[PDB]
Amino acid sequence: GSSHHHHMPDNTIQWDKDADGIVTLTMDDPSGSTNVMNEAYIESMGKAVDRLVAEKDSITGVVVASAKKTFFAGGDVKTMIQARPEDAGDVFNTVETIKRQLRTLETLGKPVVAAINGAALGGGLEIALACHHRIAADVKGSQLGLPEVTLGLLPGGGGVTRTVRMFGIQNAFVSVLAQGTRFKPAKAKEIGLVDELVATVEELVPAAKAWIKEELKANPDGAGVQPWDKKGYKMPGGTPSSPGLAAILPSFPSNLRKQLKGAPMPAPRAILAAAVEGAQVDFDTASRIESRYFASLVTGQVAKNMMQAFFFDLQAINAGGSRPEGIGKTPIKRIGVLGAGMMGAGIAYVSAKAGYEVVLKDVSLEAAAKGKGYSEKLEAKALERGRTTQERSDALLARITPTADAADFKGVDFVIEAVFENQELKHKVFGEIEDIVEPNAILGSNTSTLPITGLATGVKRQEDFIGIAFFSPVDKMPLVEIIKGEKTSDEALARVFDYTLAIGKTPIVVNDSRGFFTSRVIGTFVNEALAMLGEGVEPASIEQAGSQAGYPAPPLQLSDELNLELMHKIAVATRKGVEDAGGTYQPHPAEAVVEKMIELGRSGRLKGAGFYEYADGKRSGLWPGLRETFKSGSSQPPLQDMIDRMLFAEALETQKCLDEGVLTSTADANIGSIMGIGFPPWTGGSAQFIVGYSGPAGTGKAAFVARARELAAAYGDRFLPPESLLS
Amino acid sequence: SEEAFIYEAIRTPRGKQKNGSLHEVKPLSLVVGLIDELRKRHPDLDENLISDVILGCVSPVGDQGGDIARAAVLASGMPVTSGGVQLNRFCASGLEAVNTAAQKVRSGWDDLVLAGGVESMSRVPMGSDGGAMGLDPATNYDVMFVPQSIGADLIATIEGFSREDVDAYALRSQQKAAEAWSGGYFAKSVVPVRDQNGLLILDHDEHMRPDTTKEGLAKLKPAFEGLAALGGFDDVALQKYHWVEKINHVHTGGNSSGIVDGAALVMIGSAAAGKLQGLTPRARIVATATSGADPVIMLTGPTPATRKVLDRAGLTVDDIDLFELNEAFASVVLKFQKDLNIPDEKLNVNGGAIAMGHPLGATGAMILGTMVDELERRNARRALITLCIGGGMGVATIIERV
Amino acid sequence: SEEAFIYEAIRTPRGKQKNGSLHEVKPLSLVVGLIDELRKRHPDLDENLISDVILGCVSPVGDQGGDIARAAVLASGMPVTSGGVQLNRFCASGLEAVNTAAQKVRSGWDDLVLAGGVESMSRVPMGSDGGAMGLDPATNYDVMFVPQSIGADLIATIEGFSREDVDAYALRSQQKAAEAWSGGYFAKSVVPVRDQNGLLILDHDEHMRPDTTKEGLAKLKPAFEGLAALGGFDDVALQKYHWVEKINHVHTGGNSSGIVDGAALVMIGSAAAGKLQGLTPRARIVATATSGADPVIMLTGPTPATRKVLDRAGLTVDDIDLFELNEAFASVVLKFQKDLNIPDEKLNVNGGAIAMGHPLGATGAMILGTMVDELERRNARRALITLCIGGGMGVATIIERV
Ligand SMILES: CC(C)(COP(=O)(O)OP(=O)(O)OC[C@H]1O[C@@H](n2cnc3c(N)ncnc32)[C@H](O)[C@@H]1OP(=O)(O)O)[C@@H](O)C(=O)NCCC(=O)NCCS
Ligand SMILES: CC(C)(COP(=O)(O)OP(=O)(O)OC[C@H]1O[C@@H](n2cnc3c(N)ncnc32)[C@H](O)[C@@H]1OP(=O)(O)O)[C@@H](O)C(=O)NCCC(=O)NCCS
C-alpha cells in the first residue's frame, strides 16, 4: 500500500559494506550495457533501500556507483510509450514508488555520495540529485542533465522538485528543465549540479568514501541532511509568496508562450506549473504534485509522438535501417569538395572537423580562398573562445587543403560537388577529374531539385554517382538527404551512409523523384500559405498560424529567403516536366500569387523587398501594400483551419512519397521532416502526424481522413486523403 | 418591487502616489471620515435602520484586510447591527457595491444600506493580494494573461487611435476637471480629509495637472514599452489577435489613469426608509447589469454591459443625458465612444481618472456620485455609469434624477 | 417580485489541516471542480444565461487573491459574460454570497447566478490578509479586540455551560456526522476531488473522528489558555463584561470547529430562468437578514439575525423544521439553543463543523446545501441557516422546499 516496491525480475544492484560501515550500491543491469530505470531497477532499488533501513544501525555512509561505461540513462522508453490514459493510476503509483525510494535514501540520516562515472541523463541524474554529495569524473562524453522535455515528458523522478529546491524556480527552469540542456562535468560543477571533480574514474569511489569520512567528522550534526530539510531553508530567488519573485512571476508563463510561439507543446507548461506549485508547499507535497503532472504527459498523445520520433525513429536510423544490408565498410582517404558558397564551403567544415584531409577547389584560387575563408574567421575566431580543446584546431585545419584547378585532386576517394544548380555546368565540372581521382571513389552531388539520374550520365562510373544533399548551415544542420540514382549501387549508398554517421549527421535514403522528399514536401507548406494570401486571408494571421503550428519560421518570411523567382522556376519546370511526359498540368493556386509578387518587383529578401520590408540587412514588418493587393481581410477562416491546411498538406504529400517509393520507412519521413523541413517536433514527424492526429473529429488515422475530407470540402480537392489511408 | 433611491453620495479628495497628502492616512480613516460626514448631514438619522455597509476594495490586504467595511462600522461607532462586507470585482468594485446595495433594497429584505469603496494605493500597492490569474502558471498560461496596459495599447492599435488621438482626450480630461473644480461643481460632494485634531490634510484632487499642454504630453515616453518587451506580453496578445501585426504603444503617464488614494460612500434605501428618516431622494437606480468580453484586451467590457442595462431599462443611447466611463486608459474611452456613437459633449463631462486619479476600490462610487451631482446641476434626468474590469468583465448602472 | 429558487447545491469533501489530502490542491481547482460537476448535471445548460459568480472568501490573498471568482470563470471555460466577484463577511461569507445572489435574482436585474465559497486554510492560513481591527493599535484598543475563542469561553462562563456540557455536544456532532455519512445522506452532494488525470484525491470528510468517546474529550487540554494569558485578552473581555469574575476556558480541539480545506457552490435563479433551462427547483429562498450583537464576545450574532429573518418571513420558531447553526464553538450552539428554546432534535441534525471542519469562506454555502438535502430527504418544508460572524455580526437565511 505504501512501500518501496510496486505492488520475478533480475537484481541490478550489488551490495557491498566495508568495515567502516559504508555501503556501496553498484548499479549493474545484467540485461543491457546501460543502467535504465526499468522494472528490474525498481525492484532492485526497493530491496536495497529496505536493507539500508534494516541495517541502519551498522551503516554510516552510502556510495551510489555504476559498473557500466556510463552512470545511468533515463527510464524504459518502451514501457512509457504504451501508457494510455486508462493507466494513469499505474503511472502515478510507479513514479511515487521510485521517488519514495529516493526520498528514503535521502532522509537516511547518513551522507550519501553519488559516484558519477559517465553520463547521468534523465532518471540517472535524478538518482544523483537524491544524494547529498555528487562527484563527477572530468572526462568528455559524460553528459549530465534532465532531457525529459525533449521526449514530451518531465523529470518525474524528483528532478523538477530537487533542482527547484537547489536553484530556485527561474534558474532551474530556464537552465535545466525547460530545454533539458546537457552539461560537461566541468560545466555541471560550475552551476552546481555536481560538487567536486576527479581526474580518473578509478579515483571516484575512494574519493566518495573519503568525503563521507570527512563529512562525518567535520559536520556530524548536518551529516546526510539536504538544505531543504534543515530548519531555516531559504529557496534561492524566493518563494512564490516572496515580494521579489511575485513581481516577476506573472511574466514566466508569458515568456514561455513567447518562446514556444503558441505551439501546442504541453511539456514545458507542465514543467513550469509543477515547479511553481511545488515551491508553495513542503517537499513531499511538491514531489506528489510532480507525479500527477508527469502522469498527465505520459498518457498524452504529444509525448507518444516525440518518444516515437526522438527515440525509436532516430535509433532505427542510426541502426542502419535504410543502409544496404550486408555491405562491408570501405575505407576513405581524401575528400574532394567543389563549392565555395554558404552551403558548399560549409560541407568542407564538418568533414575537416572529423579528420579527413579534404581538398576544396572552386574555379580560380580567388573563390577557393573565399571558400576556405568561410572556415577562416569562424574555425577559431568564433570558436576558440568557447569550452574545451580550442588548441586542437590544427588537426581540424591542417587537414583541409584548399587549392584551385591547379590541383587535380590526387588520391581522392570521395567527391562532394556543391556548385550552382545547373545541369550542363554540373556535367562538365565532374568530367574534369573523372579519371583523375581514385578508381573507387564516390561522386556525390548536393542538389535540391534536379533529378540525380540525369546528372549521373555525365560520368562513366555511374554506379558510384549519388546525391548527397546537405542543409545550410552545414555546421548546424544535422540532416543529410541521400538521393539514390537509377544506377546507383548499394555499395555507394552504404559508403555515403557511413560517411554521414562519421560526420555526426542523420541520414535518410531517398529514391530519385521530382522534388525528392524535403524540397517537395516543404513546397506544399509554402504553397498553402501563398494560396491563403490570394484567398484574402490577412498576412499577419498566416504568419501566426505558421508559428503556432510549430514551424521554426513563418511561411511568408520563409518565402523571402527561398526567393520567389526561384519558386517560379520550380513551377515552370514541374509544368514542362509533366507536359513533356504526355499528361496535362493543373496549376497550384499559389502560382498566381507568386506571379503577382514578381510583377511588383518584390521577389524576396535577396532584392530587399518581398512580403516583408528590408533595410540595412534587417527584416522589417510586412509590406503595407499587401492588404490592398490581395484584399487581406475579405477571407477570415478559423485559425485552426489555417494551421491544419499547412500541416495536412505536408502530411498528405509525405504519404504520397511513401506510396510512390520515394521513402522506404516512416522513420525517414518523421526524422526527415523534423531535421530538414522544419516540421513541428510535437507532431513527431510528418508521417507520425497522421497516426497521432487529435481534433474535434477524434484521434488516430480515421480522424485524420475525416478532417482531411473536411478540409477538402472547404478548401479544394487537394486535401482528399490518398487511397493508402483506406477511407 | 421596492425602488432603490440614492440619498447621499460623497467622496474624499484623491491624493497622489508620490509625496501624496493621504499617504499618512490609513484606509480605515478615509471611510470613517465619510461616515462622520454623513452623520453631520443627518443627526436625527436612526442608524439602527442601517442594515448593511458594503465597501469595494481591490487589494484587501494589510491595512485593507480583515473586512475593512466591518472595521469602519465599529471604529465609527455605528450600531453593531449595521453589517459590513468587503467585495472585489476589480476596478468596478465601487460601482458593484452600489448595485448590490440597490439590489438588496429592491429585494425588500434590506431597508437602508451604505455602499462605497476605499483604496490607498500609496500604502497598499495594486497586486499586493496576489492571485492565480497572474501568479499561477497553469492558469496564467491557459487564460493568456495580458496586463491591462498592454490591452489598452492593442485597443488603440486595432481601432487606429494614434498617440495624438489619446493625448488629445488626456488634455480634455485635465481641462474638464479643472473647470469642474473652479466652477464649484465638487464643493458639495468632496469632503476634505482632516486629522484627529481637525487640521486639514487634503481638500483637493492633487493629481490634476491643470497646466497640461498638447506639446508637453507628446514629450512623454510610453510607460509600458519595457513591460511588453521584457515580459513577452505583446507576443501573448498577438497570438490571440493574430490578424494584428504589431502593437502600437501609445499610453504613457499623461493619458493613463493616476495611482491615487481615496474613498467614497453612498447611501441607498427604499422610499419607505427615506420618508421614515426625513431623507430627500436625489436619484433612483433604474437598472444594473453585469456582462463581459475577451479578457486578453480586458478593457472592452463596458460596451456589452452598457447595452444590457439599456435593454433592461428599455432605453436607447439617446435616452441618456450623461455617460460616465472610468478613464483607466484613453483608448478605452475612445473605443467605448466609437462603439456606441456617443457625442463627445456628454462623455465624462467633469473630467475623469486621467486627471483626478483612479482609486481602484473607490472609483466606481466616486464617478457615480459625480453623475448624481451633474444630473441635479444640469437638471438632466438620466445618466449611465460604467467601468472596465480586469478579466474582461463589465458593469453598468443607469440612474434617474428625482 | 421575482422569487429566487435553489436549483443545485454541491460541495467538496473537507480535508484536514495537518497531512490533509487537499493540501496539494490549489483553491481555484476546488471551485473549477465544482463548476465541472454542475456541467455534468446539465450539459444542455446555456451558460451565457449565467450573469454572475459570487464566491465568499475570508483570506483573499496569495492563491485566493485577485478575485478568485473571476479566475474560476475563466479557468473553467465559462462565458466571459458570467461576471465573478469575491466577498468577505468573515465566517458567513459563504451564506452571504447565497443571499446576495438570491437578492440579485429578486431584483429582476439578474436571471441566473452562481454562488458559493472557497477556503484552503492549509495553504492560506486564517489572518494572512491582515486587518485593522487586529493589527492597528488605535482601532484594536478602541473596539477592544478579543479573539473569537476567548468570546466562546466567555459565553460558556456567562451561560453556565460546563466543560462536560460543551464536550457532550461535541460528541453528538461526531455521532450525527458519522450517521449521516453511513446513511448515504451526503452521497448526492459531496463531489469527490480528483486530479487532472481523474485519480481520486479525497472523497470523504477526513476531519471526522467517528470513534470519539466522552472520556477521550475530557482528556484534552484547553487550547486557548495560553492565548488568553500571554495576550491579556481575558482582561480585555472582563473590562467590557465587568460583572463576570473569571472566564472558564472550556473549549479545546475536540469541541471547536476544525481547520480544513473545502469549497461549495450553489445555483440560484428565477422561476423563468429555471423553466427556460429545464431546471427543477429544489428550494425557494424565503427571506434573508443581517443583524449583529456585541463584538467583544463576537459570537452572539445569530440570535438577533434569526429573529429578524423570522419577522421578515412572518414566522415563528415553531414554523421551522430544521435549524442549522455553524459549529464554530460548542458554546455558541448551546447559547443559540438556549436563546430561542430550540429542541435538540432539530438543531444541526447531520453534524457540523466540530466533526467535519469549518472552511471559512465556504462553510455558509456548505451547510445551506446540507439543509436543502435534509428538507427533501425528510420531506420537511422550512429550514433556517445562520452563522456567527467576526466583529459581532449575524446572517440568517430561511429556505422552503419546493
Ligand atoms: C502610467 C503609469 C505607469 C505612470 O506612473 P508614473 O511614472 O509614476 O507617473 P508620473 O506621472 O508620476 O510620471 C510620469 C512622467 O510623465 C509626466 N507627466 C504625467 N502626466 C503629465 C502631464 N499631464 N503633463 C506633463 N507631464 C506629465 C510626469 O511628470 C513624469 O515625468 P517626470 O518623471 O520627469 O516627472 C501609472 O500611472 C499607471 O500604471 N497607471 C495606472 C493604470 C492601471 O493599471 N490602473 C488599474 C490597475 S487594476
Ligand atoms: C482548537 C484548535 C486550536 C485545535 O488545533 P490543533 O491543536 O491543531 O487540533 P488537533 O485536533 O489536530 O489537536 C488537538 C488535540 O486534541 C485531540 N483531539 C481533537 N479532537 C479529538 C477527539 N474528538 N477525540 C480525541 N482527541 C481529539 C487531537 O488528537 C490532538 O491531540 P494530539 O495533539 O495528542 O494528537 C483549532 O482547531 C482552532 O483554532 N479551531 C478553529 C476555530 C476558529 O478560530 N475558527 C474561525 C476563524 S475566523
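For a quick check of your reading of the filter: which GluC sites (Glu not before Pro) in the stretch C:231-327 sit in a DSSP loop and have no more than 12 other Cβ atoms within 10 Å?
Here the sparse-neighbourhood loop sites are C:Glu245.
Expressed as cubic angstrom per residue, what is the convex hull volume of the alpha carbon set of the stretch B:1-97?
125 Å³
Between the stretch A:392-459 and the stretch B:174-235, how many Å separate their Cα centres?
75 Å
With n ≥ 4 as the cut-off for DSSP H runs, can you work out [θ] at 222 nm for the protein assembly as shown, using -39500 (n - 2.57) per run divided by the number of residues, rounded to the nearest 500?
Here the helix-only value at 222 nm equals -11500 deg cm²/dmol.
Label position 7 Å from Cα toward Cβ: report the copy-to-copy distances for B:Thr213 in nm, one decimal, ordered from shortest.
9.0
Amide H of B:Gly292: which non-local residues (sequence gap of 5 or more, or other chain) have their own amide H closer than 5 Å, using H built in the peptide plane?
B:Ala305, B:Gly394
Please average, across the residues of B:109-115, the number of beta carbons from any other chain that are within 10 Å of each residue's own beta carbon, and give a whole number.
Mean partner-chain Cβ count within 10 Å for B:109-115: 3.
Taking beta carbons within 10 Å but only from partner chains, what does the mean come to for residues B:234-246? Numbers along the way, then the final one.
Working: counts 2, 9, 7, 1, 5, 9, 3, 3, 12, 11, 4, 9, 3.
What the average comes to for B:234-246 is 6.
Taking 60 Å as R0, compute the FRET efficiency from the Cβ-Cβ separation of A:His7 and C:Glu164 and round it to 0.05. Don't skip to the end; give the middle numbers.
Numbers: r = 49 Å, r/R0 = 0.81.
Working from the Cβ atoms, E equals 0.75.
Comparing C:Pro281, C:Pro79, C:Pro13, which has the greatest mean-square fluctuation in the GNM of chain C with Cα pairs linked when under 10 Å apart?
C:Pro79
Kindly rank A:275-285, B:36-46 from highest to lowest mean number of other beta carbons found within 10 Å of each residue. Before the final figure, lay out the partial values.
Numbers: A:275-285: 20.0, B:36-46: 12.7.
Result, highest mean first: A:275-285, B:36-46.
Highest first, please rank the peptides C:363-376, A:484-497 by the mean number of other Cβ atoms sitting within 10 Å of their residues.
Numbers: C:363-376: 26.1, A:484-497: 20.6.
Per-residue mean Cβ counts within 10 Å order the peptides as C:363-376, A:484-497.
Under 17 Å from the 7 Å Cα→Cβ point of C:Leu227, by amide nitrogen: which residues of the stretch C:348-376?
Flagged as within label range: C:353-355, C:357-361.
What three numbers, in Å, describe the spread of the alpha carbons of the stretch A:1-331 along their principal axes, ordered from the longest?
Projected onto the principal axes, the Cα atoms of the stretch A:1-331 cover 64, 54, 44 Å.
Report, in degrees rounded to the nearest 10, the 0 to 90 angle that the Cα long axis of helix B:27-41 makes with the longest principal axis of chain B.
40 degrees
Report the full-extension gain for the segment A:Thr388 to A:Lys487: residue separation times 0.36 nm, less the Cα-Cα distance, to one decimal in nm.
In short, 31.1 nm is gained.
Output the antiparallel fraction of DSSP beta bridges having both residues in the protein assembly as shown, as a percent to the nearest 5.
55 percent
Could you calculate, for the stretch A:516-727, the ratio of the Cα radius of gyration to the Kirkwood radius, expressed as Rg to Rh?
Ratio of gyration radius to Kirkwood radius for the stretch A:516-727: 0.96.
Can you give the FRET efficiency to the nearest 0.05 for A:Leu397 and A:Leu425, using r as the Cβ-Cβ distance and R₀ = 35 Å?
Once the sixth-power term is evaluated, E becomes 0.75.
Could you tell me the extents of chain B's C-alpha atoms along the three principal axes, largest first, rounded to whole Å?
Ordered largest first, chain B gives principal extents of 62, 46, 46 Å.
At 0.36 nm per residue, and after removing the present C-alpha to C-alpha distance, how many nm does the segment from A:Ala697 to A:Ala319 gain when stretched out fully?
Value of the extension gain: 132.4 nm.
By how many degrees, between 0 and 90 and to the nearest 10, does the Cα long axis of helix B:163-182 differ from the longest principal axis of chain B?
20 degrees
Based on alpha-carbon centroids, what's the gap between the stretch A:502-529 and the stretch A:551-613 in Å, whole number please?
Centre-to-centre distance over Cα atoms comes out at 17 Å.
Fully extended, how many nm does the chain gain between A:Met342 and A:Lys78 (0.36 nm per residue separation, minus their Cα-Cα distance)?
Working: separation 264, 0.36 × 264 = 95.04 nm, distance 4.09 nm.
Difference between extended and current length: 90.9 nm.
Run the simple label-point estimate for C:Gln175 and A:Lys217 please: 7 Å along Cα→C-beta, distance reported in nm.
Once both label points are built, they end up 6.7 nm from each other.
Assuming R0 = 56 Å, can you tell me the calculated FRET efficiency for the pair B:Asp311 and A:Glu660, based on Cβ-Cβ distance, to the nearest 0.05? Intermediate results must be reported in sequence, preceding the final value.
Working: r = 62 Å, r/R0 = 1.11.
Step by step, r from the Cβ atoms, then E = 0.35.
For a protection proxy built on the mean count of beta-carbon atoms within 10 angstrom, sort A:226-239, A:679-692, C:384-397 highest first, please. Can you show the working numbers first?
On the way: A:226-239: 13.5, A:679-692: 25.3, C:384-397: 29.9.
In decreasing order of mean packing, A:226-239, A:679-692, C:384-397 become C:384-397, A:679-692, A:226-239.
What is the average number of partner chain Cβ atoms found within 10 Å of a Cβ in B:24-31?
Mean shielding count: 2.
In nm, to one decimal, how far is the modelled label at B:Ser189 from the one at A:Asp284, with both set 7 Å along Cα→Cβ?
5.9 nm
Between A:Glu613 and A:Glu376, what is the label-point separation in nm under the 7 Å Cα-to-beta-carbon projection?
Between A:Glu376 and A:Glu613, the simple spin-label model gives 3.9 nm.
What is the Cα coordinate range of the protein assembly as shown on the first, second and third principal axes, sorted by size from largest, in whole angstrom?
Cα spread of the protein assembly as shown along its principal axes, largest to smallest: 118, 87, 61 Å.
Once the Cα atoms of helix B:330-340 and of chain B are each reduced to a long axis, what angle between those two axes, in degrees from 0 to 90 to the nearest 10, is obtained?
Helix B:330-340 sits at roughly 80 degrees to that axis.
Each reported figure results from applying straightforward, stated rules to the coordinates on display, with no laboratory input. Virtual Cβ from ideal backbone geometry, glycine too; neighbours counted across all protein chains shown.
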